[PDB]
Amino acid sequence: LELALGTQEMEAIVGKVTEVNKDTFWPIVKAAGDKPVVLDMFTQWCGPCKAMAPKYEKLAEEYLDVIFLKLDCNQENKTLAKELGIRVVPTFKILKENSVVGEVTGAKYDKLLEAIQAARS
């Protein structure tokens, strides 16, 4: 018996940035409907990653019809990471309907904002 997420849970996380793990990532993406999901893949030793954190949170406050998540690419999440295909940090993955539809590498907040606008159409 596993857990299923619904409107209740999605409504509770919009407007914020939520950190997920290899066990809570998909249950959230699957409950997302047609709302785009953005995933910030970082590491604890990643400088540009921490520096981008406040901008990412700003984006999450501006776009309430997009779900912003973050994943620490460590040992416990090695699986999910490899499965999403990552070569560098930071990496942003945009998903829509259980599939990756975009990717931004590096702290290119400008290109990220473009991809987010694109996903919303």
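Throughout, we count residues from 1 along the sequence that is shown.
Visitor: Which has the higher mean CA temperature factor in the PDB entry, 79-87 or 31-39?
Guide: 79-87 has the higher mean C-alpha B-factor.
Visitor: Divide the modelled residues of the chain into thirds by Cα B-factor and specify which third, lowest, middle or highest, holds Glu57.
Guide: Its C-alpha B-factor, which the entry lists for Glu57, ranks in the lowest third among residues of this chain.
Visitor: Sorting the chain's CA B-factors, does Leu64 end up in the lowest, middle or highest third?
Guide: Highest third of the chain for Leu64's C-alpha B-factor.
Visitor: Comparing against every modelled residue in the chain, figure out the third that the C-alpha B-factor of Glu9 lands in (lowest, middle or highest).
Guide: According to the entry, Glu9 has a C-alpha B-factor in the chain's middle third.
Visitor: Is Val101 in the lowest, middle or highest third of its chain when residues are ranked by C-alpha B-factor?
Guide: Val101: CA B-factor falls in the middle third of its chain.
Visitor: Name the third of the chain's ranked CA B-factors that contains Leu113, choosing lowest, middle or highest.
Guide: Highest third of the chain for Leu113's C-alpha B-factor.
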